[PDB]
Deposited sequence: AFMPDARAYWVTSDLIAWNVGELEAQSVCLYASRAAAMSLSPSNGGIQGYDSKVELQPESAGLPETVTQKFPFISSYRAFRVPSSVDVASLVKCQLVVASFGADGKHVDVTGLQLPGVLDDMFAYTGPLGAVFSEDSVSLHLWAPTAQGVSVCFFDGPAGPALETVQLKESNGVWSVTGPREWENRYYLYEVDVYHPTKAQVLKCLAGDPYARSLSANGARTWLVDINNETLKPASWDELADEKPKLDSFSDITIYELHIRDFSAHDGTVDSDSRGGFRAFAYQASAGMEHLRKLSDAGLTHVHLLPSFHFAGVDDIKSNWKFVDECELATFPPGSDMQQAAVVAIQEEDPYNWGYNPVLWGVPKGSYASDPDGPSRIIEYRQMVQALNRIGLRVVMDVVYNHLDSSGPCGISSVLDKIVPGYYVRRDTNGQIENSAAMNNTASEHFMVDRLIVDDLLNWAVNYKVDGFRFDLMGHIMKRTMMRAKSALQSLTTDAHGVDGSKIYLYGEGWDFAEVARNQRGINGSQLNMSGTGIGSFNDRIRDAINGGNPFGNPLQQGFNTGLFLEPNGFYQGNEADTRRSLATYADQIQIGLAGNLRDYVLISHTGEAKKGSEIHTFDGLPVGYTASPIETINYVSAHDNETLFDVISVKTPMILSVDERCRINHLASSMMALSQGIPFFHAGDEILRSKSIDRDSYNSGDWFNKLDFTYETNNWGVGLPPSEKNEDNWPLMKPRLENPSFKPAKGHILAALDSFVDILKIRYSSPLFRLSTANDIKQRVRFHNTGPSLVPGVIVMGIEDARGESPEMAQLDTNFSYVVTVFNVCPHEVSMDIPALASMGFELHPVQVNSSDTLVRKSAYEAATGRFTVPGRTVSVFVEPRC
């Protein structure tokens, strides 16, 4: 006897059901109804003629067609939402309650644990629960000492106790009806507003987050020690995985590797690396999920490893490495961590001790340690889905307390798994509150500097906007953090059930235009690399040999590939200009077009932003092939690793010198490889190695785990086994040196970092365009106040003009730019002192404004004011 849920209880007095041209509601407290009988109460619903109110349809657009039914006043709603409910016609079905729950029980009062000099109080939102109690434990594994009943007041359960409650461990015992089991079950659950947990979150630790003993030395002075940030336009991002950082770092003692503590090792190879990029100009470091997620056991004694020495003896293109890693993947210390369980607590496995304060203290110490070397900290936040749901499981918490509320459901009442599994419903009040609250927890209690939203397109826009004002209004005097400096960005993908605003206006790329919130520019990524993560891996792009260097894979005639190369070049140039929708570019057809007037391969605007700070330019990230791996797959095999080394630099240089916000994947600068693994979320330390000795880049360490790569093994094997694909220390260091220099160039002039669209439209121009453009060359010019009586403000005191030439051709080129004739252009001082002998041969001839640039080279020219 388990009916689905095709009816909706949207308001205290309205029920929406999509029946056709006698409807009754049934309620059983003990959940004993069967096919309609065994009910405790019965009431008939009067068909509404005015239909659903605008508030309902605007909150739940996908049911604006449903028929409306009115619930009598005699009906006690608060009591019914606790019982089992169905509805029948004269077809039977259950009810989805989020609507009415919000209508009647929307709560803004204290949640979780509150502390006073005299007492401690607990608060839990569970409007459907029939009873809530708290079990107290004395330790992480001790027996239950005491059980205390909580009183419900407006769907919120509370209780107050002596201050001796502090430091106790506890769990809620919730008595709720679960739709998936059609039973009233008594489950144990952690606190959604937990601030700390025992190992694996088995219990909640009743700790005071403001306790002085949880603060590193000088913690309250961190606001004063934070790296300065004049504008969001100055931001550069470096995406790093906490374990990847030190797992293989021999300079950090064995025990302290792989977690938060490793960052306290100032003089380690890894930290010296971050310090080097920081001194170069890198502002922000984006850490992969560091909250409480499933997939990694917090108990280190349970961890298992592979024989790193044995696997090192296997052949480069063997399948033995992955078979060994896969064999223990479910029990190793590794995982990206995209499996949310509790959002407001640091991951136990990254702490020195899962039980106690170490996870709190060490996290702060990590934030402080990164701030002290000039780096602000960004958290990878995943509010779009949950690891688990239902009554059973240590990894299920939210859906255990208020079943069917925190998770998004289809029209049949079944849970949506679009995001991965157990999609969240940010469109629900208390879900929205939980998200904004969690953000404030990290910004204030941990002094985090920014947030990257995973699957931002699955989050309501209003949630994103309400969070943005709450975070940016934080002040040093009231909170100890400067909220105005906090930056937000995320994946604005629009797909599945949230597409076309079906669940309301979501945080997609097009909806976030003009919000000041950044989104990943997938347009410039695909144009540079070629194709897309869903297409043929051999599809070539602007920076991977399209037309100029065919790889063998058939992609049309010379005329077609040449045309496509030009098309990609247009998208890249729009992205270089901040990916603005109103920026006017001379397209390859010769016709002038705005960024929004140029369309993607599937018919949507390439440029879609209203500001440069809304675009996150990139060519690589944690997911999909690494930069080095994608280049080694798409370019012709005949190419040497020496030439590919330059191809890598071209890619990251295009990001480092583009308007908007450059985003770098940890390893780009050192040719990092995952041996061509396209989804290394679960591939262990072996395939995710970050070698800071610079001896290797992890290329040719066997084929990648078959689960996600087996269908491309034939393509990888020959390349992995080919010794001429493997870079040596020399190459890696060279890559790192030239990467550093490019950062220095971005921060040597404010012209690379224009703050508004108006400024970009006025100063940024491209000089190699039209139907007769030289293939494989991009010439970007940036103007500043020149001569007397300028229509601009002098933004740069050193240069009055800046020209950048991107040459992806194998051969040297000479670009005649008459507009820039008879000027004082010199090779950038940083490139004149470059260790790359090639770029130093860049020249400029005044009489014709000719710029001579070597092949596979990016050359920056400037015009001194002095």
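Residues 1, 23 to 26, 41 to 46, 102 to 108 of the deposited sequence have no C-alpha coordinates in the model.
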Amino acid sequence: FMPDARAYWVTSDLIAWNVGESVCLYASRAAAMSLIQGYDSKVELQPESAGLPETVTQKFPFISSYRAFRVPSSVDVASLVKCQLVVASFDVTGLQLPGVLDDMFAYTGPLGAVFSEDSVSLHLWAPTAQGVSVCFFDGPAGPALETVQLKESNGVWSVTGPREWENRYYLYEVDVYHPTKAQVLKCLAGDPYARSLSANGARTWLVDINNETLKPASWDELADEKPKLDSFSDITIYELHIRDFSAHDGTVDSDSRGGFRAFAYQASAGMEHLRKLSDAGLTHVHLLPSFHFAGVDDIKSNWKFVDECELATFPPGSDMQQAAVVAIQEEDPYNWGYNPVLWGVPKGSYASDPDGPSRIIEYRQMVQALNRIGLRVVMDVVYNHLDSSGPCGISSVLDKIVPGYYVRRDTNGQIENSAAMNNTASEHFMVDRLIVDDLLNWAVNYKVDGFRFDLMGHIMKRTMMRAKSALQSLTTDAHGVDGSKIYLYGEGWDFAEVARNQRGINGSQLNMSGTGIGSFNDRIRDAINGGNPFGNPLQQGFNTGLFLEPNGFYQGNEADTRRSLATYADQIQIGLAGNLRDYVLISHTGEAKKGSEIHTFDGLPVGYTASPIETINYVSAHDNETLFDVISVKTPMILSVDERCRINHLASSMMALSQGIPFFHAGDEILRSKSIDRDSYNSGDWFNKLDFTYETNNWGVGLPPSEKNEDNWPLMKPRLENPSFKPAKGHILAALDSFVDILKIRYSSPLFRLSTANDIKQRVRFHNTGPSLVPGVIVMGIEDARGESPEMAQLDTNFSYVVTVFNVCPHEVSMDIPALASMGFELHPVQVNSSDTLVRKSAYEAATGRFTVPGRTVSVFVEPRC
From here on, numbers count along this sequence of modelled residues.
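Of the other compared PDB entries of this protein that include residues on both sides, all give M33 atoms, none of them, and so not a third, leaving it without. In the other compared entries of this protein that model both flanking residues, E21 lacks coordinates in at least a third of them.
Of the two segments examined, 780 to 788 and 264 to 272, it is 780 to 788 that shows the higher average Cα temperature factor in the deposited entry. When 602 to 610 is weighed against 620 to 628, 602 to 610 comes out higher, by mean CA B-factor as recorded in the entry.
Comparing the listed residues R746, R364, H767, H458, the entry records the largest Cα B-factor for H767. Taking the PDB entry at face value, the top CA B factor among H178, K674, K215, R525 belongs to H178.
When all modelled residues of the chain are sorted by CA temperature factor, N709 is found within the middle third. In the PDB entry, a CA B factor belonging to the highest third of its chain's modelled residues is recorded for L185. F137: CA B factor lies in the middle third for its chain, per the PDB record.
When the modelled residues of the chain are ordered by their C-alpha B factor, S508 lands in the lowest third. Looking at the C-alpha B-factors along this chain, the one for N532 belongs to the middle third.
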